[PDB]
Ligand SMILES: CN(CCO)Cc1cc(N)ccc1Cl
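Okay, so here's just one chain, in structure tokens, the form deposited without the ligand.
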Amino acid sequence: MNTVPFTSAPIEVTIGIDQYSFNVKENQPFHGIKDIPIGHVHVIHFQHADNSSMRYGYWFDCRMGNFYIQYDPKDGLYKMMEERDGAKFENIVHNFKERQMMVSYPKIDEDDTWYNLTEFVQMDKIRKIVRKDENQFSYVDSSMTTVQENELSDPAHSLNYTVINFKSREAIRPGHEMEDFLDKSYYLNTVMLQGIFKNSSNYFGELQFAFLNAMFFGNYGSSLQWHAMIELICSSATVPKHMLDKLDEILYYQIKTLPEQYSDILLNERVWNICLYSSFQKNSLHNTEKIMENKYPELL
């Protein structure tokens, strides 16, 4: 069980850790989050009480180093940092725990939600989508644009999601125009799975990461990426049976977890209606179709 200590909480802020969140008051004696489950990526995220604009946060894995949060009054945000001195860090964490100034990661034992949302998500893959190689953790916020959004402006602060474009030479073999446009199996299986992602695990990892960025930061480009990766599978007539069964589970937990009130901005009507009712895979996402029909029948 790992710990992310906070030096202090000088400004009033809603702090999220994965799907959980806590209101902290200005100069409240808050010194961090303990009992963080080892074996998963995590995200610690912020929304200032004074600017409900810019949700921002940090993807990390406690196995990769000792991370803490410290408010920077110049840049005006909570920053993640690595403590390289193991003894200084254990000494800081033991003190804060003794004084019970830390919240406990509030995992219910029965609850596999976070595992289910992060099953394929790997810190090494996150660090290639979010490039800042001098840190072991990854900063994401509401406003960061994707490589694809930039093509259609600061590349240092971009989300480098795999570009998916259904009307591209990459997606359409010369001489198979109609076949490849109506059945995207060659784009999914040869270009994307065999070619770029290497396996379905890396593909699902980026799909899950895009969803979580959309949900936790309202990152519009991430939402575009999540939908494109869903639509590429559902629009393929030929998908490995293990991929369809896994996609149904992945989407089920994403829809289950989404705030009921955010369905209007985070869910693309055309993609979902196409995927559940028209696509080749219309009959292959039973759990996802059942949760969508019972939770968001308006959207459909």
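The first residue of the sequence shown is number 1, and the count goes up from there.
The following text describes the form deposited with the ligand bound, which does not appear among the structures shown.
When contacts are judged by a 4.5 Å heavy atom cut-off, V191 does not count as touching the ligand in the entry with it bound.
Residue contact check for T7: one or more of its heavy atoms lie within 4.5 Å of the ligand in the entry with it bound. In the entry with it bound, the ligand stays beyond 4.5 Å of every heavy atom belonging to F181. Of all the residues from 46-75, the single one having a non-hydrogen atom no more than 4.5 Å from the ligand in the entry with it bound is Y68.
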